[PDB]
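Chains as they are written, first to last, in the deposited numbering: chain Q, 2 to 94; chain R, 4 to 113; chain U, 8 to 79; chain V, 1 to 66. Structure first, commentary second.
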Amino acid sequence: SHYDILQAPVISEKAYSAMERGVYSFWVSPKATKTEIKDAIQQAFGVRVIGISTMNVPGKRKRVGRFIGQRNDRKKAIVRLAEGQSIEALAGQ
Amino acid sequence: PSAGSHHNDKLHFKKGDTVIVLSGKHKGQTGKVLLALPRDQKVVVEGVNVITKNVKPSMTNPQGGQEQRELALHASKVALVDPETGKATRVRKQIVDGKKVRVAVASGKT
Amino acid sequence: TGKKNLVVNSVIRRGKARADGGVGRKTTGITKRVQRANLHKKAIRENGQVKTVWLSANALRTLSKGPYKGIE
Amino acid sequence: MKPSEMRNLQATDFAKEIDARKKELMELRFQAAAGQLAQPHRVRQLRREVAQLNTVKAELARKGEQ
RNA sequence: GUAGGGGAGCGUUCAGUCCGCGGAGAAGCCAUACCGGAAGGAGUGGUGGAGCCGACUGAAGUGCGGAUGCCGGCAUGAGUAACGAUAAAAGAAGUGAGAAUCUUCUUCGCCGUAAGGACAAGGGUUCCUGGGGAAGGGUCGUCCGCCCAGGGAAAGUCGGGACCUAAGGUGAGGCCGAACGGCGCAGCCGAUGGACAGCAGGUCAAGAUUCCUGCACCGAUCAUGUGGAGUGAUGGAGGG
RNA sequence: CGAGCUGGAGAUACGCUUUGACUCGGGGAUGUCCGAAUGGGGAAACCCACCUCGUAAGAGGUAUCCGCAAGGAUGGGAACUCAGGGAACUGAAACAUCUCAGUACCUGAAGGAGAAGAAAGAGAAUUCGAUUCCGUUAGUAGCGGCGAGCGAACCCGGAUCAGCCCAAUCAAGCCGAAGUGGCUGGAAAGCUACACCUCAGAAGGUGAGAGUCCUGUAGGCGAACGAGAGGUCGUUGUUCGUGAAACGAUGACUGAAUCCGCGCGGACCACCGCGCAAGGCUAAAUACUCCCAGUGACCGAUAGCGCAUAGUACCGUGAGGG
Ligand SMILES: [Mg+2]
Ligand SMILES: [Mg+2]
Ligand SMILES: [Mg+2]
Ligand SMILES: [Mg+2]
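Here's what the structure looks like:
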């Protein structure tokens, strides 16, 4: 359903300054396509998406321990809203 | 690697009990059980006191100092106490508490 | 593979010299012992509905007498 | 939470209870991302809660329609 | 006294039986001028820190200097050969525990149909930022393509798929074959070819025909108006 | 079950627990995507569809082969079983028949086993009475470039045992007896002095060596509900190599008798004797060891499995090697 899909928001210095222009970034399910991703944001936040762009992201670490490591694997969706922007209070952060 | 399996992940006592240290240093010494680890066969009694050197870096103030704290034991303390000295366990019953088996001896109080 | 009774199974080809005579020359020494196969033939016959199945010779005979489950 | 006081609810009153937790679970997921999870136990609790609703909605589906 | 034959025994592990020993110090290790005809065996001291001699009998994975023997460790060659294109370098200033080697300034020199720039393949985070300084770097590093943490990758129009077919592959039915299987029309798969709508700029530390700004274009669905009747396959032809 | 728990993880935080956590039994309900893989495609784990119900979310369906359908089948198994196919090195001190060997390998089918099985038999007693397996007969009889070498069966002794239908107790678990003082020592289960249990002195742990300190042992108890035809040519099988070579089996060609009938008894004929083919099914003893338990004059870190755990690192395009 709605409330799943968008796992976490994108932290970073670039997402916070993208916020300041009504552009929101989220880490979503890598299988959750643009239309499904559009709907999920639209409902859960009560706002219309005028544009959506997204892209899949790889992993790969280890600090020590001969455990060669392994990936993590994401998808990052970035949306723009019509003139009356903002999302909750989780935008001013 | 093995460990605390030799017994049966079964302690011969509870974390409430008063127990006497049978064997080692701290002989006969009595104390309230504060931590019982059945699998590891560990007991924390107000008896074995040690000074633990506190390796403290930037971890909320430097103050790298020494600490007074209790160091856990095995089966080197006997299964509860009543006639003042160390004991075993035998005569099971149930008072107003039917859903409980008690532990007795060459007497009958725990 | 004859529809009625499967076939093609076969064995070796011995070929001796000092070959045939008065019961005993010296004897009959072998010079061969290989490994060979043997087969049959085919035609078009049916039962129930339409079929064109492979038919043996001693199957074409067994049919040009009394029909067994499948006709002509 | 767990006994008979859970099965009284109707049809959409079961899908409702799930949705309210999934939403809370997501608010906590976002809270985790912005270093604000003081109560991590709340996370498993709701996951145990949603599981219970989903388990029961299957018990009652067979304790009627057989 | 070589091949060889015969005899008597020493030693190791395991077992059974007996006798014992040991944290007031077992085995193992180390030193030793003592003993026995040899294999060998004791005493003492030192080290170790928990097991173990002696005797009788039984059994063996039972004794090593060799096999260009196997595994491992360590020597010699020797502070030797080298340090991977003869395209240079110099100084000043900075940083730092430490500087020929890191940063900055000014020169110098080398490439310039390349030793510049843009892809594809392939690689897989090597990209940017902050930090590190064991190993890797043929030297040194305060630096790095190395080590740690965080971030970065944005498409209706670009390339591929939701379109097309080539070689080839596969292939209901169909043709063969001891089995496994081999073929094979249509169809289907298969780009390296066909087809098809977006141009100019701006700018993160790190993306840009992808984001932002300016103005376009394409298909679909629907609302409005004009039109006032046709639309025109799985098939034909032209065209590609 | 009776107080702990919050997986190895040893790490902080949050917490959960006698309104019985945790762990142990035993059943359910979830169970993405790939894989027989099964909608179609595909360079596994991805791409693209249609149908039906449905409030969108979401749920179900869409492979081929048997059969009215019910219902079955595809794929996977270490070894063991049967079947289709079937080597060479090697031995013969050369080599070709012969041997290695119907072994190795491939392929098919299947199961906890399979195979085989109910006399047209064995063999010479007018004895036996389906099969398999073990002993033995016996390196006998026999085969054999009569060379290398290969090698039965009946009798008898055992394991197990039957023949039947067609066609005209075991795991979860609970209960469980009896030692204290001095000494040596960092520490006592060793030493010492007195004692005790024993249907229990098997063993593990506990600062060193444990009957009586813990877990246990002998003994007993223990479940919701969970397990228990003849012929000819070609060839071959078994001791069977064309031999005096019967009998089985069968690719080609032929193709009988019906109970004063038919098959066999090692060319063949007579006589005597043993059997009823051309239809099916069938426990048990036997083989194996992925897994489990118990044990060992088995190993104890160059040993023992390749691994005190890794099929990893590493090598290779790959099979594969490690
Ligand atoms: Mg040597
Ligand atoms: Mg073709
Ligand atoms: Mg060692
Ligand atoms: Mg392994």
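In this text, a Cβ means the ideal position worked out from N, Cα and C, and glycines have one as well.
- Annotated as distal: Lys2 (chain V) and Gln39 (chain V), with beta-carbon spacing of 8 Å or more.
- Taking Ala33 (chain Q) as the centre and dropping the five residues before and after it, the same chain places the C-beta of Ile6 closer than 6 Å to its C-beta, in chain order.
- Under a criterion of Cβ atoms nearer than 8 Å, no residue of chain V is adjacent to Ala78 (chain Q); the nearest Cβ is some 14 Å distant.
- Contact check for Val48 (chain Q) and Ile88 (chain Q): beta-carbon distance about 6 Å, within the 8 Å limit, so the pair qualifies.
- Contact annotation: in the segment 30 to 42 of chain V, residues whose CB is within less than 8 Å of a CB in chain Q are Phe30, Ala32, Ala33, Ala34.
- Of all residues in the segment 8 to 35 of chain Q, only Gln8, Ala9, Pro10, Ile12 come within less than 7 Å of chain V when Cβ atoms are compared, listed by chain position.
- In this structure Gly36 (chain U) is in contact with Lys23 (chain U), their Cβ atoms being roughly 6 Å apart against a cut-off of 8 Å.
- Beta bridge pairing from DSSP links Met56 (chain Q) with Q:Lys77.
- The beta-carbon of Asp19 (chain V) is placed less than 8 Å from the nearest beta-carbon of chain Q.
- About 6 Å separates the Cβ atoms of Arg29 (chain V) and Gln8 (chain Q), confirming a contact at the 8 Å cut-off.
- Membership of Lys39 (chain U) in any beta strand (DSSP E) is not indicated, and neither H nor E is assigned to it by DSSP.
- Taking 8 Å as the cut-off, the beta carbon of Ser8 (chain R) is found no closer than this to the beta carbon of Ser79 (chain R).
- Between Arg40 (chain U) and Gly77 (chain U), the C-beta spacing is not below 8 Å.
- Residues of chain V whose Cβ lies closer than 8 Å to the Cβ of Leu82 (chain Q) do not exist, since the nearest Cβ in that chain is about 18 Å away.
- Our two residues, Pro59 (chain Q) and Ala90 (chain Q), have alpha carbons roughly 30 Å apart in a direct line.
- Relative to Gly93 (chain Q), the option among Q:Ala19, Q:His3, Q:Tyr4 whose CA is nearest is Q:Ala19.
- Per DSSP, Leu60 (chain V) has no beta-bridge partner at all.
- A Cβ-Cβ separation of about 5 Å places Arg93 (chain R) in contact with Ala107 (chain R) under the 8 Å criterion.
- Within chain V, the residues whose beta carbon sits less than 7 Å from that of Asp5 (chain Q) are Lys22, listed in sequence order.
- Under the DSSP definition of a beta bridge, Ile54 (chain R) partners with R:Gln71.
- Listed in chain order, the non-local C-beta contacts of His77 (chain R) below 8 Å within the same chain comprise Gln44, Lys45, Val46, local neighbours out to five positions each way being set aside.
- Minimum Cα-Cα distance from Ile53 (chain Q) among the listed residues Q:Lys15, Q:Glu14, Q:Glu37 corresponds to Q:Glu37.
- Annotation for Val51 (chain R): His29, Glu73, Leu74, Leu76 place their beta carbon closer than 7 Å to its own, counting only its chain and skipping 5 residues before and after.
- Contact of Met26 (chain V) with chain Q is assigned, a C-beta pair being separated by under 8 Å.
- For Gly19 (chain R), the closest alpha carbon among the candidates R:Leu37, R:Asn11, R:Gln32 is that of R:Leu37.
- Classified as buried, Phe16 (chain R) has 16 or more neighbouring CB atoms from the shown chains inside 10 Å of its CB.
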